[PDB]
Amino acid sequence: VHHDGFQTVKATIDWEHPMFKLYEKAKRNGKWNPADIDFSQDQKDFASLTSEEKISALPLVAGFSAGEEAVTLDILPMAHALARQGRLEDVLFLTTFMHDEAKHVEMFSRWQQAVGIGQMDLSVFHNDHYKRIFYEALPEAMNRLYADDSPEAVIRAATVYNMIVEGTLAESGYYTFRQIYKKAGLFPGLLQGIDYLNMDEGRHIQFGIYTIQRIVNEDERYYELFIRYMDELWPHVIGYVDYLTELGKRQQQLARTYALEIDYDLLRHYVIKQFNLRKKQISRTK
């Protein structure tokens, strides 16, 4: 459908818009390139491990690789919906969001290739709860925006993408990687990637907070919808976490070899904490 006119011909970019500022920060802080990371030491670590210890890191990598690919594809409808609404500054920012996720897909795929498991199909570590979030709910909620860009639909998309997938699962995954592999002194290239990912993620979550809060600001009754959509996905979040935990408790060999005291209770409480903390970053009033 036709353009009526163009903001940057009639006027200029809104230089003070919060998403324009976030866009500027993303260009400044987003120079990293997965292709520059040295994975040579990761190859050697992984080869040195036994079959049993080798398996241990794969479930978390399986979760991340599919998750990065899902969001790369599933962010496009949000960019379209906001473009149609004429929110140019949000679109500018979303180009950095999409390009970030592309590099995240690239980072985990380079690690898989480097350590010699590219040919292995890691879908075996996606349980039913994971599939519900990443194979189904995420794409349903985002694709909806093509035909329905009501405040209800936008809130649900932002909640599932930014507050659950990124703000709850991804954040807890970064924490888990550091608690286990950083302590062991294993997989330095991967952990360097994880640090860059964690920094990009801060902006992604802030876009979701901005989006949800500007809709709640119009009608405080959307606050209840946000809470409800958070709670709907909790059982799948914790059902995936419990599955990973249970795989971890059965495959102890890595924790024994590296003298790691993997506290699964601490990791569980971190996920619960992340979830409640995201809930609290949205104000009912304002």
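Don't overthink the numbering: it's just position in the shown sequence, from 1.
Legend: mean Cα B-factor per stretch from the PDB entry, 117 to 125 versus 153 to 161; the higher mean is in 117 to 125. 9 to 17 and 266 to 274 differ in mean CA B-factor, and the higher of the two is recorded for 266 to 274. Going by the entry's values, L225 shows the largest Cα B-factor out of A35, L225, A70, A26. In this PDB entry, the Cα temperature factor of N143 sits in the bottom third of its chain's modelled residues, the lowest group. Residue-level temperature factors show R87 in the lowest third of its chain, judged at the C-alpha atom.
Sort the chain's modelled residues by C-alpha temperature factor and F64 lands in the lowest third, per the entry. When the modelled residues of the chain are ordered by C-alpha B-factor, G189 sits in the middle third.
Residue-level temperature factors show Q179 in the highest third of its chain, judged at the C-alpha atom.
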